[PDB]
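One chain comes next, on its own, written out as structure tokens in the form deposited in one PDB entry.
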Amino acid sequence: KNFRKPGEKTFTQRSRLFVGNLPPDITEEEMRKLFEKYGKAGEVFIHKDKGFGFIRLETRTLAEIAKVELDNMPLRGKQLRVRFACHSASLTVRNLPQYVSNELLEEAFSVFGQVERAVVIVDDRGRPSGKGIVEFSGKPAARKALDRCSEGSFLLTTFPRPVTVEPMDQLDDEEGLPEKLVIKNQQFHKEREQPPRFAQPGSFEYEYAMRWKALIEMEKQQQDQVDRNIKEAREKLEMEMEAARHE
């Protein structure tokens, strides 16, 4: 309803919807009139024959609503499939230095291409975790930044520690895996014979649960000591970095 989150750019990849199971033909415009109620729409693409297309709505909010309202809707004789398109150009930035803001991160990565958003991630106290996100409008810009940031040392502040840039690992902690989408085969039925429950001493489960809990503890040991060598090696190198810059 005119709603734009402060900072949000419009018609970014994050408000772009995939539309699947379309009926044969469907003019571009028809596609548009389905999404009429959900605001203006930029790019529209329908595929010749394979019955899918993309629509780019204005704000992410507008697209969420349109997503859950139109997902599965029948038209002629088939269920629409409507999901947020996979982002083609989102990057994880690691080891951000201190005094970096969303806007600095954006400015820095602007030299690689047009930036849809950049966010310095903060924990529940508001302190930056050291990771960021950078989403470009096009795959070419993220390829530039990926490549140039591995070959060279990209420095955001005077602190001589370069950020590490890798592709963003896109996880969905919102829709998840509805019971409707679980593969229901023989293994499914085997998993589901018993309901959730606590393993009881003397059962065959209990013996293996304890072995697993022990293994998880053997992983805590190993991993807690790597963390050891790692927090040491970094602190060593960061002192020398800070001392060096004393000039």
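By rigid core we mean the largest C-alpha set that fits within 1.5 Å across both forms. Note that residue numbering follows the sequence shown and begins at 1.
- Compared with other deposited structures of the same protein, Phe188 meets the criterion of being unmodelled in at least one third of those that resolve residues on both sides.
- Look at the mean CA B-factor for 219 to 227 and for 12 to 20 in the entry; the higher one is 219 to 227.
- When 77 to 85 is weighed against 166 to 174, 77 to 85 comes out higher, by mean CA B-factor as recorded in the entry.
- Across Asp71, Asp147, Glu135, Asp123, the entry's maximum B-factor at the CA atom is seen for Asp71.
- Across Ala214, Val182, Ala199, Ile46, the entry's maximum B-factor at the CA atom is seen for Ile46.
- In this PDB entry, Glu58 carries a Cα temperature factor that places it within the middle third of its chain's modelled residues.
- Per the PDB record, residue ranking by Cα B-factor puts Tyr38 in the highest third of the chain.
- Per-chain ranking of the deposited C-alpha B factor places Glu191 in the lowest third.
Below: the form deposited in another entry, not depicted.
- Put the two forms on the same core and the Cα of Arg127 is off by less than 2 Å between this form and the one not shown.
- Annotation for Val82: C-alpha shift of 2 angstroms or more between this form and the one not shown, rigid core superposed.
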